[PDB]
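Quick setup: one chain, the form deposited without the DNA, written in structure tokens, and binding and motion questions come after.
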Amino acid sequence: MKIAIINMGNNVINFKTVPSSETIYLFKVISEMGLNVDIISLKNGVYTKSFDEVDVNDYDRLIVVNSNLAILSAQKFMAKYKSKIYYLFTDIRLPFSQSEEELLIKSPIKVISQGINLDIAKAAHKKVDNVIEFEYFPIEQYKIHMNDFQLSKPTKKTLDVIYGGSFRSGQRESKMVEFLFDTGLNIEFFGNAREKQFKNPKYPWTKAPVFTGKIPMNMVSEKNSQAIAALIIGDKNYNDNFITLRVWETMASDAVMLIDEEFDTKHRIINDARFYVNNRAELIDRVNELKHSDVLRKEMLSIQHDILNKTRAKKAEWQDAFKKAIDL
């Protein structure tokens, strides 16, 4: 059984970019499952093999992630594969889609949805003509199942709330402004967003949080740990659907995880109302409570790390479910 992983939109080579990084981490966790795996990209290197140095049909399973030569190359390569393509649907904005006959992909496609609501995964892929089947699998838990995963230790607090990410093309501007702007709290927004991007008239604000630059994927939980709390919000279609990597990066940190009620109305992540907030007012009160009650803050951290540990204790079941999802 030989498996190959391709990144459809970006060149994979190092841990410089987030797309290249998450691809090497998937590869790492899949390898640690005891599977013979290769990443195919533009160049041969210490992590990758080039498209021209391999025969697409030597692989029994072809896994595709998404995050231009890399695109053209991947399409051309996939177009020659004679079996089913397993697409990891990790971002609602990145469903599978085709880029004339040398690029036309005719193979059936299995979309492994990170979101539990398969109707949303279907609607996003409605323009796909290929035979396509859907299945849910919590792909994002790959970070916590990695062999060298370590929980973040107690850190000195220099911030109240923190959030790391990008602007997502304004996909969640409403929520960012509601919870991170004009709170009168000491907030930091790290990543690719910039204050200037928040120009939508529908969401007025007076004072913005502090925008700092992006950090490596492997530094996120350590960065989150500088604050009392770290916020979990999502796009509209993530609500009650996707559990994102930020949930685990936050849960593993020394920052108490505060979740937008709308993101998880059933309280699937943690069945404890103290971790959820409905609006800006509740976020403020909740952070003030945490700042002034160490017993509370420490109790909540202990509860979230516990949940994290119980999930990590089901690694074998997670690995099996992954193998089954790729027809093994």
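Heads up, when I say rigid core I mean the largest set of C-alphas that superpose within 1.5 Å between the two forms. In this text, residue numbers run from 1 along the sequence as written.
Missing deposited residues between residue 99 and residue 100: 10 or more, all without coordinates in the entry. In the deposited sequence, the stretch from residue 67 to residue 68 hides 4 to 9 residues that have no coordinates. If you average the C-alpha B-factors over 253 to 261 and over 215 to 223, the higher value belongs to 215 to 223. A summary of the deposited B-factors shows that, of 3 to 11 and 317 to 325, the stretch with the larger mean C-alpha value is 3 to 11.
The entry lists C-alpha B-factors for 54, 301, 33, 287, and the highest of these is at 54. Each of 176, 131, 231, 85 has a CA temperature factor in the record; the biggest one is found at 131.
Among the modelled residues of its chain, residue 190 has a C-alpha B-factor that falls in the lowest third according to the deposited record.
Remark: residue 246 belongs to the lowest third of its chain, ranked by C-alpha B-factor as recorded. Split the chain's modelled residues into thirds by C-alpha temperature factor. Residue 159 is in the lowest one.
When the CA B factors of the chain's modelled residues are split into thirds, the value for residue 278 lands in the lowest one. Residue 183: CA B factor lies in the lowest third for its chain, per the PDB record.
The protein also exists as the form solved in complex with the DNA; that form is not presented, and the subsequent description refers to it.
The closest heavy atom approach of residue 130 to the DNA in the deposited complex falls outside 4.5 Å. Residue 213 belongs to the set of residues with a heavy atom inside 4.5 Å of the DNA in the deposited complex. Within this chain, residue 14 lines the site of the DNA in the deposited complex, having a heavy atom no more than 4.5 Å away.
The shortest heavy atom separation between residue 97 and the DNA in the deposited complex exceeds 4.5 Å. Note on contacts: among 153, 196, 80, 207, the single residue with a heavy atom within 4.5 Å of the DNA in the deposited complex is 196.
With the partner removed from view, the residue among 117, 183, 226, 192 that has a non-hydrogen atom within 4.5 Å of the DNA in the deposited complex turns out to be 192.
Here the chain stands by itself, but in the deposited complex one stretch of 132 to 140, 196 to 204, 250 to 258, 101 to 109, 196 to 204, has heavy atoms within 4.5 Å of the DNA. Along 147 to 169, one residue reaches a heavy atom to within 4.5 Å of the DNA in the deposited complex: 166. The comparison between the shown form and the other one, aligned on the rigid core, picks out a single residue among 153, 80, 236, 199 whose CA moves by 2 Å or more, and that residue is 199. Relative to the superposed rigid core, the position of the CA of residue 16 differs between the shown form and the other one by 2 Å or more. Taking 2 Å as the criterion, residue 143 does not count as shifted between the shown form and the other one: its C-alpha moves by less than this amount when the rigid core is aligned. The Cα shift for residue 168 between the shown form and the other one, taken after rigid core superposition, is 2 angstroms or larger. Between the C-alpha atoms of residue 171 and residue 282, a gap narrowed by no less than 3 Å is obtained in the deposited complex, as opposed to the form on display.
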